[PDB]
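Dropping input.csv in here (CSV, C-alpha atoms and all ligand atoms):
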```csv
chain,number,residue,atom,x,y,z
W,1,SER,CA,20.0,22.6,2.0
W,2,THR,CA,17.2,20.3,0.8
W,3,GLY,CA,16.4,16.7,0.5
W,4,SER,CA,14.0,14.7,-1.6
W,5,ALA,CA,13.2,11.0,-1.3
W,6,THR,CA,10.7,8.7,-2.9
W,7,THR,CA,8.3,6.8,-0.5
W,8,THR,CA,6.8,3.5,-1.7
W,9,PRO,CA,3.8,1.5,-0.4
W,10,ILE,CA,4.9,-1.7,1.3
W,11,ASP,CA,2.0,-3.7,-0.2
W,12,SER,CA,-1.0,-3.5,-2.5
W,13,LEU,CA,-3.2,-1.9,0.2
W,14,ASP,CA,-0.9,1.0,1.1
W,15,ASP,CA,-0.7,-0.4,4.6
W,16,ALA,CA,2.5,1.8,5.1
W,17,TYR,CA,5.1,3.5,3.1
W,18,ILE,CA,8.9,3.0,3.2
W,19,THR,CA,11.6,5.5,2.3
W,20,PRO,CA,15.3,4.6,1.9
W,21,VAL,CA,17.5,6.2,4.5
W,22,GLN,CA,21.4,6.1,4.5
W,23,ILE,CA,22.9,5.5,7.9
W,24,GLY,CA,26.6,5.4,8.7
W,25,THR,CA,29.9,5.4,6.8
W,26,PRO,CA,30.0,3.6,4.4
W,27,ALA,CA,26.3,4.1,4.0
W,28,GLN,CA,23.9,1.4,5.2
W,29,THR,CA,20.6,1.9,3.4
W,30,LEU,CA,17.5,0.9,5.4
W,31,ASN,CA,13.9,1.4,4.4
W,32,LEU,CA,12.2,3.3,7.1
W,33,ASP,CA,8.5,4.2,7.8
W,34,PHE,CA,8.4,8.0,8.1
W,35,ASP,CA,6.0,8.6,10.9
W,36,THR,CA,4.7,12.2,11.6
W,37,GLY,CA,2.9,10.7,14.7
W,38,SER,CA,6.1,9.8,16.6
W,39,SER,CA,9.5,11.1,17.3
W,40,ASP,CA,12.0,8.2,17.4
W,41,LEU,CA,14.3,7.1,14.6
W,42,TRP,CA,14.8,3.4,15.4
W,43,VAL,CA,16.2,0.6,13.3
W,44,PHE,CA,16.5,-3.2,13.2
W,45,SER,CA,20.1,-3.8,14.0
W,46,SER,CA,22.9,-6.2,14.7
W,47,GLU,CA,21.7,-5.9,18.3
W,48,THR,CA,18.1,-7.0,17.7
W,49,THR,CA,17.2,-10.4,19.3
W,50,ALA,CA,17.8,-12.8,16.4
W,51,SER,CA,14.5,-14.6,16.8
W,52,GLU,CA,12.7,-11.2,16.3
W,53,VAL,CA,14.4,-10.5,12.9
W,54,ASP,CA,12.8,-12.0,9.8
W,55,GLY,CA,14.0,-10.5,6.5
W,56,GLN,CA,14.6,-6.9,7.6
W,57,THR,CA,17.8,-5.1,6.7
W,58,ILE,CA,19.8,-4.4,9.8
W,59,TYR,CA,22.0,-1.5,10.8
W,60,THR,CA,25.4,-2.7,12.1
W,61,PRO,CA,27.0,0.2,14.0
W,62,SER,CA,30.3,-1.7,14.4
W,63,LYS,CA,30.7,-1.4,10.6
W,64,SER,CA,30.2,2.4,10.5
W,65,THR,CA,33.3,4.6,11.0
W,66,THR,CA,31.0,7.5,12.2
W,67,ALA,CA,28.9,5.6,14.7
W,68,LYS,CA,29.3,6.3,18.4
W,69,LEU,CA,27.5,4.7,21.3
W,70,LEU,CA,25.4,7.3,23.1
W,71,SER,CA,26.5,5.9,26.4
W,72,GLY,CA,23.8,5.1,28.9
W,73,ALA,CA,21.0,6.1,26.6
W,74,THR,CA,18.0,3.7,26.2
W,75,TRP,CA,14.6,4.0,24.5
W,76,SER,CA,11.3,2.2,24.6
W,77,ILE,CA,8.2,3.1,22.6
W,78,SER,CA,4.7,1.7,22.0
W,79,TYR,CA,2.5,2.6,19.1
W,80,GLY,CA,-1.3,3.0,18.7
W,81,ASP,CA,-1.7,-0.6,17.5
W,82,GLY,CA,0.0,-2.0,20.6
W,83,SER,CA,3.3,-2.7,18.8
W,84,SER,CA,6.5,-1.8,20.6
W,85,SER,CA,10.3,-1.7,20.4
W,86,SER,CA,13.2,-0.8,22.7
W,87,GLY,CA,16.9,-0.7,22.8
W,88,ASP,CA,20.0,1.5,23.1
W,89,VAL,CA,21.3,4.4,21.0
W,90,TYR,CA,24.1,5.4,18.7
W,91,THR,CA,24.8,8.7,17.0
W,92,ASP,CA,25.7,8.5,13.4
W,93,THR,CA,25.4,10.3,10.1
W,94,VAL,CA,21.9,10.0,8.5
W,95,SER,CA,21.0,11.1,5.0
W,96,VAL,CA,17.5,11.3,3.4
W,97,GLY,CA,17.3,12.1,-0.2
W,98,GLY,CA,20.6,13.9,-0.2
W,99,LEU,CA,20.1,15.8,3.0
W,100,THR,CA,22.6,14.9,5.7
W,101,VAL,CA,22.5,15.2,9.5
W,102,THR,CA,25.6,14.4,11.4
W,103,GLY,CA,25.3,13.2,15.0
W,104,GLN,CA,21.7,12.0,14.6
W,105,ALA,CA,20.4,9.7,17.3
W,106,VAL,CA,19.9,6.3,15.7
W,107,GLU,CA,18.0,4.1,18.2
W,108,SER,CA,19.1,0.5,17.8
W,109,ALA,CA,16.4,-2.1,18.6
W,110,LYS,CA,17.3,-4.9,21.0
W,111,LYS,CA,13.7,-6.0,21.1
W,112,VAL,CA,10.7,-5.6,18.7
W,113,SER,CA,7.2,-6.8,19.0
W,114,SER,CA,5.7,-9.4,16.7
W,115,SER,CA,4.1,-7.0,14.3
W,116,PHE,CA,7.5,-5.5,13.5
W,117,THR,CA,9.1,-9.0,13.1
W,118,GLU,CA,6.2,-10.0,10.8
W,119,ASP,CA,6.7,-7.0,8.5
W,120,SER,CA,9.8,-7.8,6.5
W,121,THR,CA,9.6,-4.6,4.5
W,122,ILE,CA,9.9,-2.1,7.3
W,123,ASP,CA,13.5,-1.8,8.7
W,124,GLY,CA,12.5,0.8,11.3
W,125,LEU,CA,10.8,4.1,11.8
W,126,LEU,CA,11.8,7.7,11.3
W,127,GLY,CA,9.8,9.9,13.6
W,128,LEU,CA,8.7,13.4,12.4
W,129,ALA,CA,6.5,14.6,15.2
W,130,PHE,CA,7.9,17.1,17.7
W,131,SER,CA,11.0,16.1,19.6
W,132,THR,CA,9.2,16.5,22.9
W,133,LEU,CA,7.8,13.0,22.2
W,134,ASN,CA,11.2,11.3,21.8
W,135,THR,CA,11.6,8.4,24.2
W,136,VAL,CA,15.4,8.4,24.7
W,137,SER,CA,16.4,8.5,28.3
W,138,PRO,CA,18.0,10.1,30.2
W,139,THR,CA,18.8,12.7,27.5
W,140,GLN,CA,15.9,13.2,25.1
W,141,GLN,CA,17.0,13.3,21.5
W,142,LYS,CA,15.9,15.4,18.5
W,143,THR,CA,14.2,14.1,15.3
W,144,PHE,CA,15.9,14.1,12.0
W,145,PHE,CA,13.8,17.1,10.9
W,146,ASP,CA,14.5,19.0,14.1
W,147,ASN,CA,18.3,18.4,13.6
W,148,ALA,CA,18.2,19.4,10.0
W,149,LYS,CA,15.9,22.4,10.4
W,150,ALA,CA,18.4,25.2,10.9
W,151,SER,CA,20.3,24.1,7.7
W,152,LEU,CA,17.2,23.8,5.5
W,153,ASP,CA,16.4,26.5,2.9
W,154,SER,CA,12.9,26.6,4.6
W,155,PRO,CA,12.0,24.9,7.9
W,156,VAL,CA,9.5,22.5,6.3
W,157,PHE,CA,9.0,19.1,5.0
W,158,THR,CA,6.2,17.9,2.7
W,159,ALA,CA,4.4,14.6,2.4
W,160,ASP,CA,3.1,13.6,-1.1
W,161,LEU,CA,1.8,10.1,-0.6
W,162,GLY,CA,0.6,8.0,-3.5
W,163,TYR,CA,-2.5,5.9,-3.9
W,164,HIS,CA,-1.2,2.5,-4.7
W,165,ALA,CA,1.8,4.2,-6.1
W,166,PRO,CA,5.0,5.8,-4.9
W,167,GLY,CA,5.2,9.4,-3.7
W,168,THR,CA,7.7,11.9,-2.2
W,169,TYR,CA,9.0,13.3,1.0
W,170,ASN,CA,10.8,16.6,0.5
W,171,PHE,CA,12.8,18.5,3.1
W,172,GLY,CA,13.5,22.2,3.0
W,173,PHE,CA,11.4,23.3,0.0
W,174,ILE,CA,7.9,23.2,-1.4
W,175,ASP,CA,7.6,21.7,-4.9
W,176,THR,CA,5.1,24.0,-6.5
W,177,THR,CA,4.6,21.6,-9.4
W,178,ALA,CA,3.3,18.8,-7.1
W,179,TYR,CA,-0.1,20.2,-6.3
W,180,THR,CA,-3.0,22.0,-7.9
W,181,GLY,CA,-4.6,25.3,-6.7
W,182,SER,CA,-3.3,26.8,-3.5
W,183,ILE,CA,-2.0,25.4,-0.2
W,184,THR,CA,-4.3,26.2,2.7
W,185,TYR,CA,-2.4,26.6,5.9
W,186,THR,CA,-4.0,25.9,9.3
W,187,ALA,CA,-2.8,26.4,12.9
W,188,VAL,CA,-1.0,23.6,14.7
W,189,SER,CA,-1.0,22.8,18.5
W,190,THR,CA,2.2,21.2,19.7
W,191,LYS,CA,0.8,20.7,23.2
W,192,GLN,CA,0.6,16.9,22.8
W,193,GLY,CA,3.8,16.7,20.6
W,194,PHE,CA,1.8,16.0,17.4
W,195,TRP,CA,1.0,17.9,14.2
W,196,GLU,CA,-2.4,18.6,15.8
W,197,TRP,CA,-4.9,20.8,13.9
W,198,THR,CA,-8.7,21.3,13.6
W,199,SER,CA,-10.5,20.4,10.5
W,200,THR,CA,-13.5,22.6,9.7
W,201,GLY,CA,-15.9,19.8,8.8
W,202,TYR,CA,-16.8,17.1,6.3
W,203,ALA,CA,-19.0,15.9,3.5
W,204,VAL,CA,-20.0,12.4,2.3
W,205,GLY,CA,-20.0,11.8,-1.4
W,206,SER,CA,-22.0,14.6,-3.1
W,207,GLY,CA,-23.7,15.7,0.1
W,208,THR,CA,-23.6,19.1,1.6
W,209,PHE,CA,-20.8,20.1,3.8
W,210,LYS,CA,-21.3,19.8,7.6
W,211,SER,CA,-19.4,22.6,9.4
W,212,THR,CA,-18.0,21.1,12.6
W,213,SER,CA,-14.6,21.4,14.3
W,214,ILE,CA,-12.7,18.1,14.3
W,215,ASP,CA,-9.4,18.2,16.2
W,216,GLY,CA,-7.0,15.6,15.0
W,217,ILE,CA,-3.4,14.8,14.1
W,218,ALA,CA,-1.7,14.5,10.7
W,219,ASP,CA,-0.1,11.1,11.0
W,220,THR,CA,1.8,9.5,8.1
W,221,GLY,CA,2.4,6.5,10.2
W,222,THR,CA,-1.2,5.6,10.6
W,223,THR,CA,-2.8,3.7,7.7
W,224,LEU,CA,-6.5,4.8,8.0
W,225,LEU,CA,-8.6,7.8,8.8
W,226,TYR,CA,-10.0,7.7,12.4
W,227,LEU,CA,-12.8,10.2,13.1
W,228,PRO,CA,-15.6,10.6,15.6
W,229,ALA,CA,-18.2,7.9,15.7
W,230,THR,CA,-20.9,10.3,14.5
W,231,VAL,CA,-19.0,11.2,11.4
W,232,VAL,CA,-18.0,7.6,10.6
W,233,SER,CA,-21.6,6.4,11.0
W,234,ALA,CA,-22.8,9.1,8.7
W,235,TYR,CA,-20.3,7.9,6.1
W,236,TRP,CA,-21.0,4.2,6.3
W,237,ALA,CA,-24.7,4.7,6.4
W,238,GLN,CA,-24.4,5.6,2.7
W,239,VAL,CA,-23.0,2.1,1.8
W,240,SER,CA,-25.5,-0.7,1.5
W,241,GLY,CA,-24.6,-3.5,3.9
W,242,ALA,CA,-21.8,-1.7,5.7
W,243,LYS,CA,-21.7,-2.4,9.4
W,244,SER,CA,-19.4,-2.2,12.4
W,245,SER,CA,-18.1,-5.6,13.2
W,246,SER,CA,-16.8,-6.2,16.7
W,247,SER,CA,-15.2,-9.4,15.6
W,248,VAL,CA,-13.3,-7.8,12.8
W,249,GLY,CA,-12.5,-4.6,14.7
W,250,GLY,CA,-14.2,-1.9,12.7
W,251,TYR,CA,-16.5,-1.1,9.8
W,252,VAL,CA,-16.7,-3.6,7.0
W,253,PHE,CA,-18.6,-3.3,3.8
W,254,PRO,CA,-19.5,-5.6,0.9
W,255,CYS,CA,-16.7,-5.9,-1.6
W,256,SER,CA,-19.3,-5.5,-4.3
W,257,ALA,CA,-19.9,-1.8,-3.3
W,258,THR,CA,-18.6,1.3,-4.9
W,259,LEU,CA,-17.7,3.7,-2.1
W,260,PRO,CA,-18.6,7.4,-1.9
W,261,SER,CA,-15.9,10.0,-1.5
W,262,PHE,CA,-15.2,11.7,1.8
W,263,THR,CA,-14.4,15.4,2.0
W,264,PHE,CA,-12.7,17.1,4.9
W,265,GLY,CA,-12.3,20.8,5.5
W,266,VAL,CA,-9.1,22.7,5.9
W,267,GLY,CA,-10.1,26.2,6.8
W,268,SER,CA,-12.4,27.3,3.9
W,269,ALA,CA,-10.7,24.8,1.6
W,270,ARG,CA,-11.7,21.1,1.0
W,271,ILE,CA,-9.8,17.9,0.4
W,272,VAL,CA,-11.7,15.2,-1.4
W,273,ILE,CA,-10.7,11.6,-0.7
W,274,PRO,CA,-12.0,9.4,-3.6
W,275,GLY,CA,-14.1,6.5,-2.6
W,276,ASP,CA,-11.5,4.0,-3.9
W,277,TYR,CA,-9.0,5.3,-1.3
W,278,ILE,CA,-11.4,4.0,1.4
W,279,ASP,CA,-11.3,0.4,0.2
W,280,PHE,CA,-8.8,-1.8,2.1
W,281,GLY,CA,-9.9,-5.0,0.4
W,282,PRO,CA,-11.0,-8.3,1.7
W,283,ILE,CA,-10.7,-8.8,5.5
W,284,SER,CA,-9.0,-12.2,4.7
W,285,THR,CA,-8.0,-13.7,1.4
W,286,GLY,CA,-11.1,-14.6,-0.7
W,287,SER,CA,-13.6,-12.9,1.6
W,288,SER,CA,-16.4,-10.8,0.1
W,289,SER,CA,-16.3,-8.5,3.2
W,290,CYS,CA,-14.0,-5.6,2.8
W,291,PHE,CA,-12.3,-3.4,5.4
W,292,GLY,CA,-13.2,0.3,5.5
W,293,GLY,CA,-10.6,3.0,5.4
W,294,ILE,CA,-12.6,5.3,7.6
W,295,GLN,CA,-12.9,4.0,11.2
W,296,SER,CA,-14.1,5.4,14.5
W,297,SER,CA,-11.6,7.1,16.8
W,298,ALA,CA,-13.8,6.4,19.8
W,299,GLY,CA,-11.6,3.7,21.3
W,300,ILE,CA,-8.3,5.6,20.8
W,301,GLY,CA,-9.0,9.1,22.3
W,302,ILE,CA,-7.7,11.1,19.3
W,303,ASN,CA,-8.8,11.7,15.7
W,304,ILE,CA,-6.1,10.6,13.2
W,305,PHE,CA,-5.8,11.9,9.7
W,306,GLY,CA,-3.7,9.0,8.6
W,307,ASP,CA,-2.6,7.9,5.1
W,308,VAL,CA,-6.2,7.5,3.7
W,309,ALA,CA,-6.6,11.3,4.2
W,310,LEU,CA,-3.1,12.5,3.7
W,311,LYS,CA,-2.5,10.7,0.4
W,312,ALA,CA,-5.4,12.7,-1.1
W,313,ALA,CA,-3.4,15.9,-0.5
W,314,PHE,CA,-0.1,17.6,-0.8
W,315,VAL,CA,0.8,18.2,2.9
W,316,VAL,CA,3.2,20.8,4.2
W,317,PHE,CA,4.6,20.3,7.7
W,318,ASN,CA,5.8,23.8,8.5
W,319,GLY,CA,8.2,23.7,11.4
W,320,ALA,CA,8.8,27.4,11.7
W,321,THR,CA,8.7,29.1,15.1
W,322,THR,CA,4.9,29.0,14.9
W,323,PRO,CA,4.2,25.6,13.2
W,324,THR,CA,1.4,25.2,10.8
W,325,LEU,CA,0.1,22.5,8.4
W,326,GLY,CA,-0.7,23.1,4.8
W,327,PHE,CA,-3.0,21.1,2.6
W,328,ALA,CA,-3.4,21.3,-1.2
W,329,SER,CA,-5.4,19.2,-3.7
W,330,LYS,CA,-3.3,17.3,-6.2
N,1,LIG,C1,-4.3,3.7,21.0
N,1,LIG,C2,-4.2,4.9,21.2
N,1,LIG,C3,-3.9,6.4,21.5
N,1,LIG,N1,-2.8,6.9,20.7
N,1,LIG,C4,-1.5,6.2,21.0
N,1,LIG,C5,-3.1,6.7,19.2
N,1,LIG,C6,-1.8,7.2,18.5
N,1,LIG,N2,-1.0,6.4,17.8
N,1,LIG,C7,0.0,7.1,17.2
N,1,LIG,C8,1.1,6.2,16.4
N,1,LIG,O1,1.7,5.3,17.3
N,1,LIG,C9,2.0,7.0,15.9
N,1,LIG,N3,1.9,6.9,14.3
N,1,LIG,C10,1.2,5.6,14.1
N,1,LIG,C11,2.2,4.6,13.7
N,1,LIG,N4,2.1,3.2,13.7
N,1,LIG,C12,3.3,2.8,13.2
N,1,LIG,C13,3.5,1.5,13.0
N,1,LIG,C14,3.0,0.5,14.0
N,1,LIG,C15,3.2,-0.8,13.8
N,1,LIG,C16,3.9,-1.2,12.7
N,1,LIG,BR1,4.2,-3.1,12.5
N,1,LIG,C17,4.5,-0.3,11.7
N,1,LIG,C18,4.2,1.1,11.9
N,1,LIG,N5,4.0,3.8,12.7
N,1,LIG,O2,3.3,4.9,13.1
N,1,LIG,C19,0.5,5.4,15.2
N,1,LIG,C20,0.0,8.4,17.4
N,1,LIG,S1,-1.3,8.8,18.3
```
What would you get if you wrote out this structure as structure tokens?
Ligand SMILES: C#CCN(C)Cc1nc([C@]2(O)CN[C@@H](c3nc(-c4ccc(Br)cc4)no3)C2)cs1
Amino acid sequence: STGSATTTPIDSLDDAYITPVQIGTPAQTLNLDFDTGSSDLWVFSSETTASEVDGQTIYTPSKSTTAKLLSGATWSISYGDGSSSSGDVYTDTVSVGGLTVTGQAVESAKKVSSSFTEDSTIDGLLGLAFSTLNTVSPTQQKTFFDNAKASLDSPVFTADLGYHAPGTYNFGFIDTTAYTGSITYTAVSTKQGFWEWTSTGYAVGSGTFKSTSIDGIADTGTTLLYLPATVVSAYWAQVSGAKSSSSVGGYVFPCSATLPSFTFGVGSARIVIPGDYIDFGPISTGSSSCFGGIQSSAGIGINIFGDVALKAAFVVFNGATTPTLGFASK
């Protein structure tokens, strides 16, 4: 089997991408944030504390003929921004882009933190990291991909995120029309539960390439590109007036600037992030200070190839017995 679904930016900055997911019978369609950096499929629901729901579409398990309480199971998760959610668990039929998993754990939120409430466009998350990170207790649950894997034509999914435009998540096949050149595959470590790999270096703008190993994770659920402070400083040093602002929480730059590209290495191949992809616009409405799309990982303990990087590429998440990541230009 295969599936194919369109993913759409939630706003004009590409802060996140949402993909429609069918849950239950009859289908209840919720728009979920596919997150290769976590492993829980959780939704706003009829159980979510009413004051914490503000415009989201909710899953109502009592209206699904295929829903079953996963008795005694609970879940609780926090994300890198400090947001969190928790609740109980149903199993139900879940379909993405025509690909169906029966008995998928659907984690129903009883509580969500303020950043989730405030984002009316995100109805929940669909985790696509390794199932060893799933938070359901006492019986850990598998991701949608892990459950689908054995049925897929090939044990892969691909992320083809757009820049200020929709893109595609495919399951079970590689769309050879969706990229240019070849896909370069690179080894993955699953030891931390992430799609963790080692970039071979970077370049700023038209500069020469610096060969240096950069461990990090491919994370569709993170907006920005978080890299070591040395690399990030070398990038922003090329932008007049750019500086790290403790009050804003990262590098800002004059909105009057044109930004240089940023290249990262994948083996002997290179992915070039256009400068415009690094512009996240005014820090507040009307400001002439703009927020940078490349930020230091120093406070977080891990480098993160988030959407800024991934949307410059066609990315293969190969979940074969030895997992690998593939990157192609597009
Ligand atoms: C600090 C620190 C150390 N590490 C915990 C950093 C890491 N963080 C991760 C994620 O938590 C998983 N994917 C990202 C993600 N964030 C979301 C999200 C959050 C809020 C809202 Br509102 C909507 C979506 N979805 O995915 C970040 C992996 S490693």
Open item on the list: Quick check, in Å to one decimal: how far apart do CA of residue 313 (chain W) and CA of residue 42 (chain W) lie?
Closed with: 27.2 Å
Task: Length of the CA of residue 286 (chain W) to CA of residue 253 (chain W) vector [Å] - done: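 If I compute the distance from CA of residue 286 (chain W) to CA of residue 253 (chain W), I get 14.3 Å.
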TODO: May I ask which of the residues W:254, W:80, W:319, W:306 is the closest one to ligand LIG 1 (chain N), counting all atoms listed in the file?
DONE: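 Of W:254, W:80, W:319, W:306, the one nearest ligand LIG 1 (chain N) is W:80, counting all atoms listed in the file.
Shortest atom-to-atom contact with residue 265 (chain W) among W:224, W:300, W:204, W:232: W:204, counting only C-alpha atoms.
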Open item on the list: Neighbours of ligand LIG 1 (chain N) at 10 Å or closer, counting all atoms listed in the file: which residues, as a PyMOL selection string?
Closed with: chain W and resi 15-17+32-39+77-85+112-129+192-194+216-224+226+297-304+306
- [ ] Mind giving me the straight-line distance from CA of residue 139 (chain W) to CA of residue 94 (chain W) in Å, one decimal?
- [x]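 Between CA of residue 139 (chain W) and CA of residue 94 (chain W) the gap is 19.4 Å.
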TODO: May I have the residues within 7 Å of residue 44 (chain W) as number ranges by chain, using only C-alpha atoms and disregarding those fewer than 4 positions away in the same chain?
DONE: W: 48, 56-59, 108-109, 123-124
Open item on the list: Please list as a PyMOL selection string every residue within 8 Å of residue 73 (chain W), counting only C-alpha atoms and excluding residues in the same chain fewer than 3 positions away.
Closed with: chain W and resi 70+88-89+136-139
Open item on the list: Between W:283, W:96, W:43, W:10, which residue has the minimum interatomic distance to residue 250 (chain W), considering only C-alpha atoms?
Closed with: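 Between W:283, W:96, W:43, W:10, the residue approaching residue 250 (chain W) most closely is W:283.
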- [ ] Dump as a count of residues only all residues having an atom at most 6 Å from (9.0, 1.6, 0.4), computed in the file's coordinates with only C-alpha atoms.
- [x] 7
Open item on the list: Need the shell around residue 92 (chain W): protein/DNA/RNA residues with any atom at most 7 Å away, counting only C-alpha atoms. Skip same-chain ones fewer than 3 positions apart. Format as a PyMOL selection string?
Closed with: chain W and resi 23-24+66-68+102-106
Hey, which bits of region 240-314 of chain W sit within 10 Å of region 164-175 of chain W, and for each residue what's the closest pair of atoms and how far apart in Å (one decimal), counting only C-alpha atoms, rows by chain and increasing number, as JSON lines?
```
{"residue": "W:277", "atom": "CA", "partner": "W:164", "partner_atom": "CA", "distance": 9.0}
{"residue": "W:311", "atom": "CA", "partner": "W:167", "partner_atom": "CA", "distance": 8.8}
{"residue": "W:314", "atom": "CA", "partner": "W:175", "partner_atom": "CA", "distance": 9.6}
```
